[PDB]
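Novice: Residue numbers (the entry's author numbering): 1 to 109. Each residue gets a CB set at the ideal place from its N, CA and C atoms; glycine is no exception.
1. From what residue to what residue does the alpha helix (DSSP H) around residue 25 run?
2. Specify whether the stretch 1-14 and the stretch 33-52 touch according to this definition: at least 3 beta carbon pairs, one from each stretch, less than 8 Å apart.
3. Should residue 87 and residue 72 be called a contact, given that it needs their Cβ atoms to be closer than 8 Å?
4. Can you list, in chain order, the residues of its chain with a C-beta nearer than 8 Å to that of residue 6? Leave out the 5 residues immediately preceding and following it.
5. Rounded C-beta distance between residue 100 and residue 57? I'm assuming under 8 Å.
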């Protein structure tokens, strides 16, 4: 099953993501790096559950889930490259994807 675990680890990941937004709006790169690491650890923690037991609530959710991870990677790449423009764009795509995954995960689409 692990659907409960995915939820408990997803909530915390999302919560960290929400925290990431505040720091982003505050332009505090110092706090941002620390949280980015925290988020990455949570991603691994949540993803590892799916890697262990590949059940999922649906295939689309898994596809968007992995896609979100890739977007997160690009988001960081833009931070490392100092690309402020892409950060805003990727952030919007990250939020939309995250909101969609949660919606799907709470039910079966």
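Specialist: This is what the structure gives:
1. In this chain, the alpha helix (DSSP H) harbouring residue 25 covers 3-25.
2. With the rule of 3 Cβ pairs closer than 8 Å, the stretch 1-14 counts as touching the stretch 33-52.
3. No.
4. Here the set comprises 46, 49, 50, 105.
5. Rounded, the Cβ-Cβ distance is 13 Å, inconsistent with contact.
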